[PDB]
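Below sits a lone chain in structure tokens, taken as the form deposited in one PDB entry.
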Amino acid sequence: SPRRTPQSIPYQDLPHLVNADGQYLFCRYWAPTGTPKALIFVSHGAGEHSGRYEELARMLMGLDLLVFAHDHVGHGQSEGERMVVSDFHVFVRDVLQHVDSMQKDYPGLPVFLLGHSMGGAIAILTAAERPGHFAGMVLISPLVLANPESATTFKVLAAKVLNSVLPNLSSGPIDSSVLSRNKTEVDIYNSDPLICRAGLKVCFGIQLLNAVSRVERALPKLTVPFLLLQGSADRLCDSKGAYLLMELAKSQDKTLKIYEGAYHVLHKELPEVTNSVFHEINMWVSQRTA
């Protein structure tokens, strides 16, 4: 019987890739009508999926880039227990497999990464694993340092799971009101059935703590060009992390844009913020492609 997504659609009817663990990942592609100037992989964050990047991907495709993405394991239309990962490196390995596959089909093209939140931590670790390979990285509120109050609370709960056998332990869900000041976007997020809005399992939170530790060790090795966009009122990824990334990365081409008063999800924020985010990404990638 055909292998199906967690929503029961056969993978033979969808673009897909099988990872090193034999798990099917659902894929998306947005290719221009002509010869692409560059490739760009979009890395989504925790709980969400690649379908949330439709508008950004169509803008990037309008710049003649071939945009590609997949749903990370345990997310969206990919296989895996929801919001579970054996080790955070699985996400990085799977991005690298997909980038390597695309570079075979489109050789000689520059490749960029774009990531938001947990997806931004994945993009940083992917670029750190392959120094000099990526042309540039666009980071939207990347997970570099978690909110101090939330991290201390979770680190206590993590000690309970690390010292004892407690497989079902979960913390509370990611509060939707702190995601964006745009209420319509929050309402849409709360209505998408492919988004997992359940409480974070302690085993998954432990992997996000591993991502933060690994990002910290990767910064003095990071040399890829990057554009970093961060809101000053982010309650999920503390803005101190964006300043730390600007300070500690060795990249010769690094830029930070702060959005005063904005919340976490800058590409789904108030129209003035979202319009600026799209324009800034468009300028930055346009200047670095030809």
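Basically, rigid core = biggest C-alpha set you can superpose within 1.5 Å across the two forms. Residue positions are given as counts along the sequence shown, with the first one as 1. Shifts are known only where both forms have a C-alpha.
The PDB entry records a higher mean C-alpha B factor for 27-35 than for its counterpart among 48-56 and 27-35.
Mean CA temperature factor is higher for 105-113 when stretches 105-113 and 122-130 are set side by side in the entry. Ranking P193, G136, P220, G74 by Cα temperature factor from the entry places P220 first.
The entry lists C-alpha B-factors for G241, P225, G62, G231, and the highest of these is at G62. Annotation for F154: CA B-factor lies in the highest third of the chain's modelled residues.
Ranked within its chain, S180 lands in the lowest third, by CA B factor from the PDB record.
Among the modelled residues of its chain, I140 has a C-alpha B-factor that falls in the lowest third, as given in the PDB entry. The deposited CA B-factor of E216 belongs to the highest third of values across its chain. Sorting the modelled residues of the chain by their CA temperature factor places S78 in the lowest third.
Separately, the form deposited in another entry exists; it is not shown, and the next lines address it.
Annotation: the position in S213, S101, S164, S191 displaced by at least 2 Å at CA between the shown form and the other one, with the core superposed, corresponds to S164. After superposition on the rigid core, residues whose Cα atoms move by 2 Å or more in a run of at least three fall only at 160-171 between the shown form and the other one.
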